[PDB]
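**Q** everything below, folded, please.
(one chain, ligands or ions: 7)
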Amino acid sequence: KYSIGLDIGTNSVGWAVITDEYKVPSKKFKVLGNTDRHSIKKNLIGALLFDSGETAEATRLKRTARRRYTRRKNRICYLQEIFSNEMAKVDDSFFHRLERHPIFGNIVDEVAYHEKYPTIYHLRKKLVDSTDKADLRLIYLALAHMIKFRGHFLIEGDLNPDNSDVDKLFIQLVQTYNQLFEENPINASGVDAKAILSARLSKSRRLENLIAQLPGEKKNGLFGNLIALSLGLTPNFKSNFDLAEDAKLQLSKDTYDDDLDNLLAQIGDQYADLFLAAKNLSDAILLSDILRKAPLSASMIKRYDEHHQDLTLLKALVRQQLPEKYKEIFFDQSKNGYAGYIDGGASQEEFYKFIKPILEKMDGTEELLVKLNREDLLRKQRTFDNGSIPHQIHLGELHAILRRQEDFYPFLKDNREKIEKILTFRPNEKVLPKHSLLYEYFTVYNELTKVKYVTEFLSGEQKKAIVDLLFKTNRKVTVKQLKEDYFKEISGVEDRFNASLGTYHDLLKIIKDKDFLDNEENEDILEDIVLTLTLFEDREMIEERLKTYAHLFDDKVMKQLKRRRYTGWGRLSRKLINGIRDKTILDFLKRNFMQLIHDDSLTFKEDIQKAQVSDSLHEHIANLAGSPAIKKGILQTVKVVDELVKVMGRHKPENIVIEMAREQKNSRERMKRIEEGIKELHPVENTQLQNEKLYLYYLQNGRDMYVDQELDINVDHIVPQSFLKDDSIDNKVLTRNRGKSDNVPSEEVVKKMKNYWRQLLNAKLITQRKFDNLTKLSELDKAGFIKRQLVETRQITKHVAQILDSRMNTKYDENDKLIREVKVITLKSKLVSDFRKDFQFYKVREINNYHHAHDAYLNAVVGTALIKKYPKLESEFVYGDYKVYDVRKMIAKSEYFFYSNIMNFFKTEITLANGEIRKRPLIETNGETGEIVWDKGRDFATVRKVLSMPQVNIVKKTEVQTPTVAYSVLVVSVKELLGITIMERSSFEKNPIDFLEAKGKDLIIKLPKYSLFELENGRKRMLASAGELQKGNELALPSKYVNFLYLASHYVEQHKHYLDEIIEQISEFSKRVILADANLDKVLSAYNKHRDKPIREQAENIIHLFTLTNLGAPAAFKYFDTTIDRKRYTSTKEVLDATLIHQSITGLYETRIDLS
Ligand SMILES: [Mn+2]
Ligand SMILES: [Mn+2]
Ligand SMILES: [Mn+2]
Ligand SMILES: [Mn+2]
Ligand SMILES: [Mn+2]
Ligand SMILES: [Mn+2]
Ligand SMILES: [Mn+2]
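**A** Residues are numbered from 1 along each chain as shown. Ligands and ions are numbered 1, 2, ... in the order given. This is the structure:
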């Protein structure tokens, strides 16, 4: 029925809905406001603007240690639930004992464990290699350590040799780097990156060595800093980006993800894939190192043994030669020697700096110095040199330990896939001891609550009396005792009560103090004591744990307390009984407990039902690599997608197309390229290098590339546009038809020109790829083109597609296969850009915010059309598993496509490099399915119509900040606005009336920042603060004026009057809503001042004029010589009688509150 299109950005989210013929649906929507407007017609197209500020959503989008903690805790809980039954057979208190602290209940097993397994890696490797059966607790320890620290998931596939190949990942880094800097690419050529990066040398040495292979590159340069990031160093990127503040990065550092996110928040998100590439390179180095069973655990054990023999050798040497320094080196934590390195606060750099002179003066052994220079002397267990480990390694050890032990333990074999899934997949607390006093109290009370005793149902005072007079006095209470106690016909009980306060009496006989037990304040202590008695079967451990309470009790009482031990575990958590409140469950018992849980009137049911689930989307987004703004944008795209789903009657869209790309320095890059290219072999300043013909002029040294004739200062694709769209300078060349000849790359007769191309090649004036293209079209090259135009390299967009895919596809079929109702397409920006260019759908950012919505619409159009035309290519640009079709087969001989440009089907006729024209059918359609995909006479008209329509839903998102006001509540003696600071807001929420009375009732209206209000002739205003207003209006322009402005600014002279018409429209708009006449007079006057100026500059300054009409906060803007100062709306009084418009995130659902 329909599909959604989206433009995703750091401060906006364009969205559009589209039918099979690319129409945008119109739909009525209810208006909930008191105003007499009961419905509204709206197009399903629009945009959501939003601030990057301090909101609850913002903090929800940040990483926190607590969330990671609860995450790992949940995974371990899932692990323990599988192990719990057999673990009860082995060690009932084992899982409770876990967080030096004792893993085991007795000293013997504990010391034996620590002696046999000094590090967890010893246990891991032993469990991987040994064929012998092992204790279930040990296997749990290894699996738990692996699941707890699973590592990253950057490599989607099963681990393969290309993943550990340092050379290929180096080429990847150079490639993603080159994409960001087309002007000065780094040439990997034949550089032996593997031998250099994996060499047994200091990281700084490997850096200098690798950079030595790359001419024109300094160590401080961005690529060199990335290589230093890969090697394990700590580069500072502030110099590379001219940052105001330090931007050091170290992959090994725990904060590196957040730090990288800060750097992205400064330099922009385009660089994120580059850093991800550097991290992948570091992973290749470490992986190749551990690869050359359980290689990771084996490498860790190797580091351990090496550390220890190096340590004993160094000790023997220091004993033999420098005895005076021995205590200082091995025992002084304050000093930078080994003691300060292991247990003091000394960095490996400080430590090596300390021992370097000492090892040299020693002359006892130089090999330790060799290990030191290579930084392998005394490595700690708690480090990995710049990197988090890929999960596949831990997974391999997981399969190894499970497969090895599954025979002895059948449940491991049965739950194997589940255990792996716990590591791979992307109430809260443990039960009381069975003999805890709180538990015994809960049992006796829960049984006691239901006792009939009807005479010619038990009172709570009667319950407390029965417990105090019977359950406390007697170790067990027979029913005849209950009857005789009633004396001093019953029902709900048998011959004797089965529940009893046995722990109360056991402790009573030992403590010999009833009041200490009866007192409620001491209960946490007694709980900890009984928990200690259950936790350990060993007296020394019980004594050690009980020592904390030793002041409270007699020595003899402690010695007696050590003997008692309990062996059971209860079925309920302590806080289910006494933590949750209404009034705790135990308070209610003192109605059945089960009935108590199931009463809707009481809060326990809601609190538990929430507790089972007790955010995951904000958390998943938080861990992505990006700026806070782009993440907030992802959140907004998700919410917008959900609302668009609701608007369409809960029917899922057939498709969702998504686009995420960024929307002076380059002139400096080009300047460097021209300067170097000229120095290797009519001066003009850099700002005009932006011009393509001029920059191509200087790149070619004032010479034609095809004809060998110098060109006077006062353009052709090397590989023709029909084969692929590459407007980049790499494919462009300035020329006099002369050299191009036919459709094939520039003619072999013109390839005799190639020596000049070679002189341009060694000058860096042209890239090697451009040389290879000039010197040439193979069918494989066509396959490369078709593969290139479709695939989207950006990683964050892949994560967005994955998120949207998970949100859109939940149902599974009987075969347990996923039911994919929805495709999530990911377009390259270039396709939509060139689509705007070839078919004259011009964009101008400054006229309005409409361009976001228009972009989303074009995204859905080009995307859905691209799927409909080439279903076989679905794997390349749709999320999910799909067959990767043999690309050569769809490529054809001259009789899918012979010309490799995938966008070609939109065109009615294609112009070849020779000028010959290939006509195409008016209606494009898929041959395999027979489905129509495009109608050139109708669909283009529908596109122009969609762009042309004035009504578009622009929504500036309202927000509540978290001397700063969160929101401004309207107050009614008289109407007025009042700010509410975050400090005030809590007490405000608690007792608002007394607060308002403190300041000096039926209507509570909190107004979030950017709240919308309407008044008079279509005018709108936003509440930036109680003291100021922003412009709420979006000036729409007819498409003729827009295309005219684009064409004039990018310089039909006959259409000169359109300047005056546009200025008339801006003035009518400014008078209708902007209300800044004093500035408008200056603007019109200045427009009269420079009518003499050429139409290009006139149109550019008219383009500057639009900031006056722009939605949002007013800003100063220069029009020719004149500058126009911003006009603030500092009076918010007019808003008080204005009609408030509460907007839906799409803006389709309005509620209009008018009070006046
Ligand atoms: Mn975009
Ligand atoms: Mn008991
Ligand atoms: Mn000249
Ligand atoms: Mn946009
Ligand atoms: Mn432009
Ligand atoms: Mn300008
Ligand atoms: Mn002037």
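
**Q** show me where the stretch 301-450 of the chain has its helices.
**A** Under the criterion DSSP state H, counting those that start in this stretch, the stretch 301-450 of the chain contains helices at 326-330, 338-342, 348-362, 367-373, 391-405, 410-414, 416-424, 437-448.

**Q** the stretch 901-1050 of the chain now?
**A** 939-948, 982-990, 992-999, 1039-1049.

**Q** ditto for the stretch 451-600 of the chain
**A** Using DSSP H, counting those that start in this stretch, the helices found in the stretch 451-600 of the chain span residues 460-466, 479-487, 502-511, 514-518, 523-535, 539-546, 555-563, 574-578, 585-589, 593-598.

**Q** before we move on, back to that, as TSV, the helices of the stretch 301-450 of the chain with mean neighbour count and distance to residue 698 would be great.
**A** The way it works is simple: take the backbone N, C-alpha and C, and place the C-beta from them, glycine included. Shown next, in TSV, are the helices of the stretch 301-450 of the chain (neighbours: other Cβ atoms under 10 Å; distance: least, Cβ to Cβ, whole Å):
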stretch	mean neighbour count	distance to residue 698
helix 326-330	17	63
helix 338-342	20	57
helix 348-362	16	47
helix 367-373	16	48
helix 391-405	20	50
helix 410-414	14	70
helix 416-424	16	54
helix 437-448	22	84
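
**Q** among the helices of the stretch 451-600 of the chain, which is nearest residue 749?
**A** Distances from residue 749 to each of the helices of the stretch 451-600 of the chain were compared by Cβ to Cβ, and the smallest falls on helix 574-578, at 87.1 Å.

**Q** and the contacts of that closest one?
**A** 427, 429, 432, 436, 438, 439, 442, 527, 584, 585, 586, 608 (Cβ atoms under 8 Å, 6 or more residues apart in numbering).

**Q** show me where the stretch 1051-1156 of the chain has strands.
**A** Using DSSP state E, counting those that start in this stretch, the strands of the stretch 1051-1156 of the chain run over residues 1117-1119, 1122-1124, 1139-1142, 1151-1154.

**Q** what's near enough to touch the spatially closest residue to residue 353 that is not a sequence neighbour?
**A** Leaving aside its chain neighbours, residue 353 sits nearest to residue 336 (7.0 Å; criterion: Cβ to Cβ, 6 or more residues apart in numbering). Residues near residue 336 by Cβ under 8 Å, 6+ apart: 344, 346, 350, 351, 353, 354.

**Q** show me which of the residues you listed neighbour ligand 7.
**A** Taking Cβ under 5 Å from the ion as the test, ligand 7 is in contact with none of those.

**Q** need the residues you listed in a markdown table with distance to residue 293, can you?
**A** Formatted as a markdown table, the contacts of residue 336 follow (distance: Cβ to Cβ, whole Å):
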| residue | distance to residue 293 |
| --- | --- |
| 344 | 36 |
| 346 | 34 |
| 350 | 36 |
| 351 | 32 |
| 353 | 37 |
| 354 | 37 |
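
**Q** quick check, nearest of those to residue 136?
**A** Using Cβ to Cβ, residue 344 is the member of the contacts of residue 336 that sits closest to residue 136, with 38.9 Å.

**Q** you'd agree that closest one is up against residue 334?
**A** Yes - Residue 344 lies in contact with residue 334 (Cβ atoms under 8 Å); the separation is 6.5 Å.

**Q** okay, those two: which has more neighbours?
**A** For residue 344 versus residue 334, neighbours defined as other Cβ atoms under 10 Å are more numerous around residue 344 (16 against 11).

**Q** need the contact list for the residue of the stretch 301-450 of the chain found nearest ligand 4.
**A** Evaluated by Cβ to the ion, the stretch 301-450 of the chain has residue 426 as its residue closest to ligand 4, separated by 29.3 Å. Residue 426 is in contact with 153, 620, counting by Cβ under 8 Å, 6+ apart.

**Q** what does residue 618 give?
**A** The contact partners of residue 618, taken as Cβ under 8 Å, 6+ apart, are 57, 60, 61, 635.

**Q** report the secondary structure state of it.
**A** Following DSSP: H, G, I helix; E, B strand; the rest coil, the label given to residue 618 is helix.

**Q** which non-adjacent residue is nearest residue 1098?
**A** With sequence-adjacent residues excluded and distances taken as Cβ to Cβ, 6+ apart, residue 1098 is closest to residue 1059, at 5.8 Å.

**Q** number of nearby residues for that neighbour?
**A** Residue 1059 is flanked by 19 other residues according to other Cβ under 10 Å.

**Q** ok, it - contacts?
**A** Counting by Cβ under 8 Å, 6+ apart, residue 1059 touches 1048, 1095, 1098, 1099, 1102.

**Q** can you lay out the strands of the stretch 1051-1156 of the chain as JSON lines showing distance to ligand 7?
**A** Conversion of the strands of the stretch 1051-1156 of the chain to JSON lines gives the following (distance: least, Cβ to the ion, whole Å):
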{"stretch": "strand 1117-1119", "distance to ligand 7": "10"}
{"stretch": "strand 1122-1124", "distance to ligand 7": "8"}
{"stretch": "strand 1139-1142", "distance to ligand 7": "42"}
{"stretch": "strand 1151-1154", "distance to ligand 7": "46"}
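
**Q** so for stretch 142-153, what gets flagged as buried?
**A** Buried positions in stretch 142-153, judged by neighbour count with 16 or more other Cβ atoms under 10 Å: 142, 143, 144, 145, 146, 147, 150, 151.

**Q** out of the residues you listed, which one sits closest to ligand 2?
**A** For those, the minimum distance to ligand 2 (Cβ to the ion) is 31.0 Å, reached by residue 144.

**Q** pretty sure the closest one sits against residue 75.
**A** No - using Cβ under 8 Å as the test, residue 144 is too far from residue 75 to be in contact (9.2 Å).

**Q** ligand 1 contacts on the stretch 401-550 of the chain?
**A** Counting by Cβ under 5 Å from the ion, no residue of the stretch 401-550 of the chain lies close to ligand 1.

**Q** which SSE is the residue most central in space within the chain in?
**A** The structure's the chain has its C-alpha centroid closest to residue 624; by Cα atoms, centre = their mean the separation is 2.1 Å. If you go by DSSP states H and E, residue 624 is not part of any helix or strand.

**Q** so that it lines up with my notes, have the first residue be 52 from now on.
**A** Got it, first residue is 52 now, which makes that one residue 675.
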